[PDB]
Amino acid sequence: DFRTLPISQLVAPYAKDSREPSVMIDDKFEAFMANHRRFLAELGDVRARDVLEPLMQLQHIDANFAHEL
Amino acid sequence: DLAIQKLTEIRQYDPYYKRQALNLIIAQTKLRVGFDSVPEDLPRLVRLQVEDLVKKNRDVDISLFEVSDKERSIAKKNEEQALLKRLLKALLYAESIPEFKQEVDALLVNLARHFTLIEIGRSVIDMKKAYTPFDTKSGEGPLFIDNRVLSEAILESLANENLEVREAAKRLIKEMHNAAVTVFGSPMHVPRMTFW
């Protein structure tokens, strides 16, 4: 299937790159990256019920979707 | 379809079904974005990308994005992109309900920061591509959903009948610019990204 571009694909070219950035990392950038890591972890936590329960609640107000289901 | 119709159009049980629809829409958006495992020292690689972009380094190995993808269907990808855009538009509209505002706002801000991170690397790749000469063996890169459907959703939300939707639409642009400034370090070289 099709998804948005993953970051690992974009940082793959720097796999063997052993370099130090010119600009020293500051506190705000570190907090930004920590928040991003938290969001990325939260992204991959979708269970089956998250999709299935709303469908079996919403089928009770529309008959065409119940037919489809 | 039914979830969007139920959410974005207005008994005593309506809030229950609206909550169910919102949950479904959020789950579908998360599934469409996808899950990724990034390296441990990602900040260093991001700053290396920024350094390469600010200069014009020609030693970037982008052979991974020169491989043709000649097995999938382009039309299917277009349809998926349109579906994701519809989902984002519904999420933006959801800001007009006081009980849903905080959740959708947090989710949208997180998505905007994620897409800024994507755009920086896309800029590096595009800068490197402009110098490569012609070659018959080479092809285009992989197929993916364009993360610039957010721009179209924001465009379609800027003239909404509700003030909250317009304010959120403006706040998203502000947030993306602020994230770009934070990642770069200073606002000097931010206008060099191809997103603007």
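Throughout, a chain's letter reflects where its sequence line sits, starting with A, and its residues are numbered from 1. Atom set for the values below is all heavy atoms of this structure, side chains included, hydrogens, waters and symmetry mates excluded.
At a threshold of 4.5 Å between non-hydrogen side-chain atoms, the residues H114(B) and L40(A) count as touching. Looking at heavy atoms from C-beta onward, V11(A) lies in side-chain contact with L42(B) at the 4.5 angstrom threshold. By the 4.5 Å heavy-atom criterion applied to side chains, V23(A) and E51(B) are not counted as neighbours.
Contacts with chain A were tallied for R32(B), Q81(B), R44(B), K6(B); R44(B) has the most, counting heavy-atom pairs under 4.5 Å. Between chain A and the residues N23(B), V33(B), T182(B), the largest count of heavy-atom pairs under 4.5 Å involves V33(B). No other option in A21(B), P43(B), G34(B), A179(B) has as many heavy-atom pairs under 4.5 Å with chain A as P43(B). Contacts with chain A were tallied for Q28(B), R113(B), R19(B), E80(B); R113(B) has the most, counting heavy-atom pairs under 4.5 Å. Chosen from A3(B), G185(B), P39(B), the residue pairing most often with chain A at heavy-atom distances under 4.5 Å is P39(B). Listed options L55(A), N35(A), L58(A) were ranked by heavy-atom pairs under 4.5 angstrom with chain B; first place goes to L58(A).
With rounding to the nearest 0.5 Å, the separation of CZ in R72(B) from CG in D1(A) is 8.0 Å. Going from atom CD of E53(A) over to atom CD of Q20(B) covers 8.0 Å, rounded to the nearest 0.5 Å. Rounding to the nearest 0.5 Å gives a distance of 6.0 Å between CD1 of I61(A) and CG of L2(B). Atom-to-atom distance recorded for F39(A):CZ and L107(B):CG is 6.5 Å, nearest 0.5 angstrom. Between the OH atom of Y14(A) and the CG atom of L45(B) there is a distance of 9.0 Å, given to the nearest 0.5 Å. Atom CD of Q9(A) is separated from atom CZ of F65(B) by 5.0 Å, given to the nearest 0.5 angstrom.
Within the 4.5 angstrom heavy-atom criterion, no atom of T116(B) approaches chain A. Looking at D17(A), the atoms closer than 4.5 Å to chain B (heavy atoms on both sides) sit in the backbone and in the side chain alike. With a threshold of 4.5 angstrom between heavy atoms, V46(A) approaches chain B through side-chain atoms but not through N, CA, C or O. For chain A, no part of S63(B) is nearby; none of its heavy atoms comes within less than 4.5 Å. Proximity to chain B is absent for every atom of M56(A), based on heavy atoms less than 4.5 angstrom apart. The parts of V183(B) that come within reach of chain A are both its backbone and its side chain, each placing non-hydrogen atoms under 4.5 angstrom from that chain. Neither the backbone nor the side chain of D1(B) comes within contact range of chain A; no heavy atom of the residue lies under 4.5 Å from a heavy atom of that chain. Only the side chain of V124(B) comes within contact range of chain A, judged by heavy atoms closer than 4.5 Å. Contacts of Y16(B) with chain A are made by side-chain atoms alone, with heavy-atom separations under 4.5 Å and no backbone atom involved. With a 4.5 Å cut-off on non-hydrogen atoms, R37(A) touches chain B through its side chain but not through its backbone.
Placement of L43(A) and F144(B) within a single hydrophobic cluster is found when ILVMFWY residues are connected by side-chain heavy-atom separations under 4.5 Å, directly or transitively. In the hydrophobic cluster analysis, where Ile, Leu, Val, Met, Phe, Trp and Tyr join through side-chain heavy atoms closer than 4.5 angstrom, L88(B) is grouped apart from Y93(B). Both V104(B) and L87(B) belong to a common hydrophobic cluster when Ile, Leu, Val, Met, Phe, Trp and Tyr are linked at side-chain heavy-atom distances under 4.5 angstrom. Residues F195(B) and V109(B) are members of separate hydrophobic clusters, defined by side-chain heavy-atom contacts under 4.5 angstrom among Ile, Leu, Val, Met, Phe, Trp and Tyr. Both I62(B) and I120(B) belong to a single network of hydrophobic side chains, linked directly or stepwise wherever heavy atoms of I, L, V, M, F, W or Y lie under 4.5 Å apart.
The minimum heavy-atom distance between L10(A) and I118(B), with the atom names listed, is CD1-O, 3.6 Å. A pairwise comparison of heavy atoms in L117(B) and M33(A) identifies CD1-CE, 3.7 Å as the closest pair. Across all non-hydrogen atoms, the minimal contact from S8(A) to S37(B) is CB-O, 3.8 Å. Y17(B) and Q57(A) make their closest contact through CE2-O, 3.4 Å (heavy atoms, listed as atom of the first residue, atom of the second, distance). In terms of heavy atoms, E20(A) sits closest to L48(B) at C-CD2, 4.4 Å.
The local environment of NE2 in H67(A) is sparse, with at most 12 non-hydrogen atoms from other residues, nucleotides or ligands closer than 6.0 Å. Enclosure of atom CZ in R148(B) by more than 12 non-hydrogen atoms of other residues, nucleotides or ligands within 6.0 angstrom is indicated. The environment of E30(A) atom CD is dense: over 12 non-hydrogen atoms of other residues, nucleotides or ligands sit within 6.0 angstrom. Within a 6.0 Å radius of CG in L69(A), other residues, nucleotides and ligands contribute more than 12 heavy atoms. Applying the 6.0 Å contact sphere to NZ of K129(B) captures more than 12 heavy atoms from other residues, nucleotides or ligands. Counting non-hydrogen atoms of other residues, nucleotides and ligands closer than 6.0 Å to CG of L155(B) gives a total above 12. With a 6.0 Å radius and a threshold of 12 heavy atoms from other residues, nucleotides or ligands, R47(A) has its CZ atom at or below the threshold. In this structure, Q12(B) places its CD atom where more than 12 heavy-atom neighbours from other residues, nucleotides or ligands lie under 6.0 Å away.
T4(A) and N147(B) form no side-chain donor-acceptor contact under 3.5 Å, judged by distance and modelled atom types alone.
Under 4.0 Å is where a charged nitrogen must lie from a carboxylate oxygen, and between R19(A) and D52(B) at least one such pair does.
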